[PDB]
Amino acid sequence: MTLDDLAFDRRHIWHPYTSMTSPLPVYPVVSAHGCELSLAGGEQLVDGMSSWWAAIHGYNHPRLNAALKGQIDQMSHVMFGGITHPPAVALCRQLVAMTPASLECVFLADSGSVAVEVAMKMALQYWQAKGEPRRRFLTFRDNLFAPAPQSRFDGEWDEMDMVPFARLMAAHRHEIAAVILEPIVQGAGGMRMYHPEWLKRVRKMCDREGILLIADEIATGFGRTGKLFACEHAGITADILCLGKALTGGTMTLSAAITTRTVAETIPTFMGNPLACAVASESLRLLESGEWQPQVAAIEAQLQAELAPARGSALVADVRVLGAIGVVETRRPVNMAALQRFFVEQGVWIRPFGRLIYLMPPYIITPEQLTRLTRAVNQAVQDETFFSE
């Protein structure tokens, strides 16, 4: 990477959540290995982000690499219209086998958002097919927005938390096609965390009304909260389960909606992409050993222990840990340039956002690597200069 390359990127390449008139500095990553990113200048960074959830096996994994290369040798891609192929069948067999018995029909898609859109369309066609059309969705913050439950996710449950959902349900039961939620951890909602009893109660209220439950586990799935699927924290199963990110080991995009036979019965170039299916199958094979379970429990326990002192910082509003996820929510938004520089100069890759400094490291991270991550977070939230007003 050259100085001109960085000028070109700055002037011509959009990055997430940044402007093009006043972009923030970006760091040139040229390669990656293990739990580390290699900068163009040669600096190594301990990754604390898993490239946002997905890179649970780390970077440059030999088995993911070999799966990709082996599929390339046969075919990178063929259309799925009127055609099926070994990678799609192998992947769907794994997805059906590893999910609860009732989840058995797989709709492959490119991206997480498309799999959620597909789930919602399934819910629309379900009710249309049943002679009872329903067009509204209920989600948590003409759609219906219920507030988040207040009870601390790892503490005691107050039944009063369900009143706004219950009253919305009582008022609109017959118009609601589906409830859509992320189980426990709100990867799309400020990394907030909800009590599992809330999820248990939503499932029961849906059961009572015949309403479909759509679980978005694109962020939570595949072991990240300490359960293979985060729905397990409440003991419930969704009618439609949406999956992605760690599905491919974070090598390339792929997603899936898995539903029941009752939904499926009552019911374009890259759909089923062989290359992505082959690497996702290898990513799932890595999970089959069960090693992710003591890995994530060890990460969870270290995160609890090394982030607990952040609760003592006047700038910290909350610390919340679940599985291989540690969130420090601050009282004031971060100074993005200054704080990101500090992290890189400390040899760690941690990408904060607004009032959030959070860790979601790859499952293969070492204790010492993780301590580097939590050390930097604790140092950050003790200094005002890393925070605007």
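Residue numbers run from 1 along the displayed sequence.
Gap between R208 and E209: none; every deposited residue in this span has coordinates. Where coordinates are absent for parts of the deposited sequence, a chain break appears; between neighbours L168 and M169 there is no such break.
Per the PDB record, of the two stretches 153 to 161 and 70 to 78, 153 to 161 carries the greater mean B-factor over its C-alpha atoms. Stretches 296 to 304 and 248 to 256 differ in mean CA B factor, with 296 to 304 having the higher one. For the set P268, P274, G223, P183, the PDB entry assigns the largest Cα B-factor to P268.
Residues shown: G58, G48, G42, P28. Highest C-alpha temperature factor in the entry: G42.
Among the modelled residues of its chain, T374 has a C-alpha B-factor that falls in the lowest third, as given in the PDB entry. Per-chain ranking of the deposited C-alpha B factor places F107 in the lowest third. In the PDB entry, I365 places in the middle third of its chain by CA B-factor. For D4, the recorded CA temperature factor ranks within the middle third of the chain's modelled residues. Among all modelled residues in its chain, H85 ranks in the lowest third by Cα B-factor.
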